[PDB]
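Residue numbers start from 1 in every chain, and the chains themselves are labelled A, B, ... in the order their sequence lines are given, proteins ahead of strands. The figures that follow rest on heavy atoms only: side chains count, while hydrogens, waters and symmetry mates do not.
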Amino acid sequence: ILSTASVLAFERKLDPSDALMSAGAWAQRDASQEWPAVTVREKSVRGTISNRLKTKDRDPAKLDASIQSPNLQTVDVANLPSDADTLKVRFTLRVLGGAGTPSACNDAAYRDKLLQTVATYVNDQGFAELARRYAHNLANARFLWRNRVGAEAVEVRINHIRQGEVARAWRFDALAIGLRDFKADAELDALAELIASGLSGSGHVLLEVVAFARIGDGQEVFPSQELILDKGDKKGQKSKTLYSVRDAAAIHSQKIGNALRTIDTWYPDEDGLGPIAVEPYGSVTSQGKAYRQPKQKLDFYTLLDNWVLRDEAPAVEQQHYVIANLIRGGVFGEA
Amino acid sequence: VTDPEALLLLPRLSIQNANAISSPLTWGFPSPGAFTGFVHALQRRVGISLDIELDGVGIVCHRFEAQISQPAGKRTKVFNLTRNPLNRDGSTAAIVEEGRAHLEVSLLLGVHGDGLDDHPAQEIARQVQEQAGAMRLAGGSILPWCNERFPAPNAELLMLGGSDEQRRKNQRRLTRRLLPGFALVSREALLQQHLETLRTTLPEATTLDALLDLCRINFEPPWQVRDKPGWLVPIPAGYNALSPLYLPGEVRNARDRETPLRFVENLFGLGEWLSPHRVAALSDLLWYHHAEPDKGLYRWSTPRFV
RNA sequence: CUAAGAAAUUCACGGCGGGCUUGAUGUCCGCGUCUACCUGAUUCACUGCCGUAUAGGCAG
């Protein structure tokens, strides 16, 4: 009957490291191994109430009384030095093999059928499109996020590390490569071939990704913010806390992974957003809305179940979406 | 349970986000069960192909860093979390708190078999290194040291030296390699001795109170502090049986249907962090599995230490 | 076969108004630092000549 597995899990393929942030001057990007790190500092901010009022605080006397109480906060801030205009973001990326193999799965017939489905996908077209989109997300500085917004020029340098040295080196102009269009380029095709060979291999392929963004002299950079629950303590806390590994501002690994996963342009809604991160039930945290709802037949679980159990193979784009979810991983399976 | 013919020093491994939730009652460094399971996975993946056996692990913790913060006005600590993806209805999911930490460790793997004579030591050490370079140690990825000043090579040393002086020099140089760190050992005998001392101090005292007393900072009036022999962390010592051993197909929603499943619960023991110079041989730091499936007691420990 | 497997914290912010720290003061008596050494190991790979020569020889 080929019942679906009660416990299903997939290992996270294509896992990056923390994006270390460092600062320097442009046209010295080559000798950037000794660039000083960007440090997270402390500063005091005094604001004023600017949020919406609930029709009972709109009395002028209460508003003036609440303004007369100073609103003080302590925030973590990261800045470029007052003589450095370039932010260097460096992280390491492992492209693991055994991409379609589940990490944990109950039913052995479901094992054979799922591995047969992945084998059909890989010998039909393989990871050609998926690794193309991942290499595009590497080539443009999507992992900088807000650091990519107002940069004069962004250059991404990607090096293949085989044993201890650069086997093959890439250099891209991130602002020329779009954040929503996946064209074809020769160096991009070479990077896609390397990533696809890493996904189809039995070991791993190591890449280091170094992006230089010309933010501005002494401007304010944006490391990943840390999620800390207040938990109803009586003392006032610092409102903003930035992430750092060793006295050096950094971006979270899952933030970089979410940036790399932004390849899904096949969701049923219109591509006004463009690509979105590959997730089950197509959730977008910034938009607060989950595309690929299960009421439509385009969510990951129903597509996978139709593909592997009832042999209802979806469209090629939906097959790419399902295999991209397999790359992403996750804990699956009903009770 | 056995004497290794050689020691395999996995070099400084940068572990990114390790599970800082070691046990239901302890936090911080990951459980030794994670390291023993990682070594067993190394044996299951590459150890069989090399005709060797990888049993025993030495944990040194060259660097530790947990993603924690201390709220203002509180002396305790909280764990920094991650923003999970939204639900299918666009709302924030319920937060499940997990602790994630940064490690830098080097592992001493006990090697015994015929592949040591069948293959060169550098070759098997290397192949184990690039096998471990695509794995996980405590739920976190392993950073493989690309484009730094110089990577640390893997080094396998046979314990059967040509002489006692040569063996002693090799042990001291291997200790010098993993110097900025602290070896992790288990202190079950010390915990029992302290429990007997506590029982002579006052009766009906359980070993949980002895374990708590050996880790807390005690203040005594004339105001002094009761000194501790070492670092004396509380560590999970294994798993104890909580249910009769079920057949592989009895338990619904198991990991597989080929392995028996038994419900367990954590066993908490005593551990110590100490400098590697204070051990007679580096093979005394190796952590081994001790299952004994008849009575439960699915334990990991480091025997032959003292 | 690792309390296994999975994860975007994030948008915005004026901390400043002002101020006499001054009064007085003994550091101090005493003291054995000795003894004994190869800097030098080829430690000046130097000056000139024949030859276009960095190729290669020769002179004290």
Side-chain angles (χ1 to χ4, degrees), chain A residues 7-13 15 43-51 70-75 77 101-105 142-143 145-146 222-229 239-243 251-262 276-277 279-280 283-287 325-333, chain B residues 15 17-27 30-45 47-48 57 80-86 92-93 95-96 98-100 132 135-140 142 236 239 255-256 259 264-266 287 289 300:
Chain A
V7 173
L8 176 64
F10 289 85
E11 191 78 28
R12 174 186 48 242
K13 268 75 199 172
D15 52 320
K43 76 176 181 176
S44 303
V45 298
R46 177 170 78 178
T48 312
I49 49 165
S50 61
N51 50 3
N71 187 33
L72 314 162
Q73 293 179 356
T74 300
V75 292
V77 66
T101 300
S103 79
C105 196
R142 199 192 292 262
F143 41 88
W145 297 94
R146 208 173 160 187
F222 305 93
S224 66
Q225 176 168 350
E226 277 182 313
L227 166 55
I228 309 154
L229 303 178
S239 53
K240 189 181 185 182
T241 303
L242 299 180
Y243 179 64
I251 301 171
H252 284 123
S253 69
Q254 62 264 14
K255 184 72 174 177
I256 308 291
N258 189 268
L260 303 185
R261 283 205 318 267
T262 313
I276 60 166
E279 293 179 353
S283 297
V284 189
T285 316
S286 74
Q287 294 291 318
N325 272 308
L326 296 198
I327 301 299
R328 170 215 185 282
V331 172
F332 304 137
Chain B
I15 319 298
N17 292 325
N19 194 43
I21 301 299
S22 76
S23 86
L25 289 163
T26 58
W27 77 278
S31 162
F35 295 83
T36 55
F38 165 73
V39 173
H40 187 85
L42 277 171
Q43 206 271 330
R44 188 185 177 85
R45 288 172 69 153
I48 300 170
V57 60
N80 302 345
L81 305 169
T82 73
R83 196 150 79 169
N84 309 327
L86 298 181
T92 303
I95 277 167
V96 193
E98 69 181 2
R100 294 179 67 188
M135 293 177 70
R136 319 264 286 256
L137 176 57
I142 296 173
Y239 295 115
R255 258 186 88 165
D256 45 31
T259 305
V264 290
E265 61 86 20
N266 281 90
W287 287 80
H289 283 295
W300 48 77

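- Heavy atoms of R261(A) sit under 4.0 angstrom from primed sugar atoms or phosphate atoms, though from no base atom.
- Within the 4.0 angstrom heavy-atom criterion, no nucleotide atom of any strand lies near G257(A).
- As judged by a 4.0 angstrom heavy-atom cut-off over every strand, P30(B) is placed among residues making no nucleic acid contact.
- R136(B) comes within 4.0 angstrom of a base, heavy atoms only.
- Residues passing the ring-ring contact (aromatic ring centres under 6.0 Å, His included) test with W287(B), sequence neighbours excluded: none.
- Using the sign of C1'-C2'-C3'-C4' as the criterion, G19(C) is classed as south-puckered.
- Along RNA chain C, the nucleotide nearest to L81(B) and the one nearest to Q73(A) differ in position, and the one closer to the 5' end is contacted by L81(B).
- Contact annotation for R328(A): backbone-only contact, meaning every heavy-atom pair under 4.0 Å involves sugar-phosphate atoms and none involves a base.
- Remark on RNA chain C: of its neighbouring residues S286(A) and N71(A), the 5'-side contact belongs to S286(A), judged by nearest-heavy-atom nucleotide.
- The ring-ring contact (aromatic ring centres under 6.0 Å, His included) check on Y243(A) picks up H252(A), with sequence neighbours excluded.
- In this structure, the side chain to side chain donor-acceptor pair (under 3.5 Å) partners of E11(A), at least two apart in sequence or on a different chain, are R136(B).
- Nucleic acid contact for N266(B): base, since at least one base atom lies under 4.0 Å from a heavy atom of the residue.
- Nucleic acid contact for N19(B): sugar-phosphate only, since backbone atoms but no base atoms lie under 4.0 Å from a heavy atom of the residue.
- Under the side chain to side chain donor-acceptor pair (under 3.5 Å) criterion, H40(B) pairs with no residue, sequence neighbours left out.
- Partners of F38(B) according to the ring-ring contact (aromatic ring centres under 6.0 Å, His included) rule, which considers only residues two or more places apart in sequence or in another chain, do not exist here.
- Using a 4.0 Å heavy-atom distance criterion, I228(A) is classed as a base contact.
- Between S253(A) and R100(B), some side-chain heavy-atom pair lies under the 4.5 Å cut-off.
- Nucleic acid contact for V7(A): base, since at least one base atom lies under 4.0 Å from a heavy atom of the residue.
- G330(A) comes within contact range of the sugar-phosphate backbone alone, with a heavy-atom separation under 4.0 Å but no base atom that close.
- Side chains of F10(A) and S103(A) form no contact here, defined as non-hydrogen atoms less than 4.5 Å apart.
- Where RNA chain C meets chain A (any atom under 4.0 Å from a heavy atom), the bounding nucleotides read 5' to 3' are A4(C) to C16(C).
- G30(C): sugar pucker north (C1'-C2'-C3'-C4' torsion positive).
- Heavy atoms of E98(B) sit under 4.0 angstrom from at least one base atom.
- A glycosidic torsion no more than 90° from 0 defines the syn conformation; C29(C) lies beyond that range and is anti.
- When heavy atoms are screened at a 4.0 angstrom cut-off, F38(B) is found touching base atoms of the nucleic acid.
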